[PDB]
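Let me begin by presenting the structure, written as structure tokens, before commenting on it.
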Amino acid sequence: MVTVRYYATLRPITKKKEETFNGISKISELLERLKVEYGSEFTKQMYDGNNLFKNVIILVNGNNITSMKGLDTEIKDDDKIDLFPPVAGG
Numbered sequence: 001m002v003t004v005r006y007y008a009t010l011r012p013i014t015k016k017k018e019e020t021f022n023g024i025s026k027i028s029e030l031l032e033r034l035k036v037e038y039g040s041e042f043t044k045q046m047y048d049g050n051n052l053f054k055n056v057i058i059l060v061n062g063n064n065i066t067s068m069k070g071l072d073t074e075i076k077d078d079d080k081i082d083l084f085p086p087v088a089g090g
């Protein structure tokens, strides 16, 4: 299972609604699913051009997936993803 959080920045992008998903144990499907779930606006808002636009900082399982494998990063029911807004705000 995978859990994702959203702040006031992603509020209007996620309809202030958070939920968990089960089935796959990888970020590949997580990002691919969440990307379409909300749309490109979300992926771009939290990643415009393969990089943070404003300053969106999101960690995975308490460790940036970039450390080892991006979307190839494995995740378990225990793993948890948290999204953090930009130091500025939009």
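PDB author numbering puts the first residue of the sequence shown at 1, with every later residue one more than the last. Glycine residues also receive a C-beta, built at the ideal position from the N, C-alpha and C atoms.
Between the Cα of residue i and the Cα atoms of the options, which residue gives the shortest distance?
{"i": "residue 37", "options": "26, 17, 55", "result": "17"}
{"i": "residue 39", "options": "78, 57, 88, 12", "result": "12"}
Leaving aside the five residues before and after residue i along the sequence, list all residues of the same chain whose C-beta is less than 7 Å from its C-beta, in chain order.
{"i": "residue 54", "result": "86, 88, 90"}
{"i": "residue 80", "result": "3, 61"}
Along the chain, where does the alpha helix (DSSP H) that runs through residue i open and close?
{"i": "residue 5", "result": "Taken as a continuous stretch (DSSP letters only), residue 5 belongs to no alpha helix (DSSP H), as it is neither H nor E."}
Leaving aside the five residues before and after residue i along the sequence, list all residues of the same chain whose C-beta is less than 8 Å from its C-beta, in chain order.
{"i": "residue 7", "result": "83, 84, 85"}
{"i": "residue 22", "result": "1, 2, 77"}
Less than 9 Å separating the beta-carbons of residue i and residue j?
{"i": "residue 76", "j": "residue 25", "result": "yes"}
{"i": "residue 34", "j": "residue 42", "result": "yes"}
{"i": "residue 10", "j": "residue 46", "result": "yes"}
Could you name each continuous beta strand (DSSP E) segment of 3 residues or more that falls completely within the region 22-88, going from the start of the chain to the end?
57-60, 81-84
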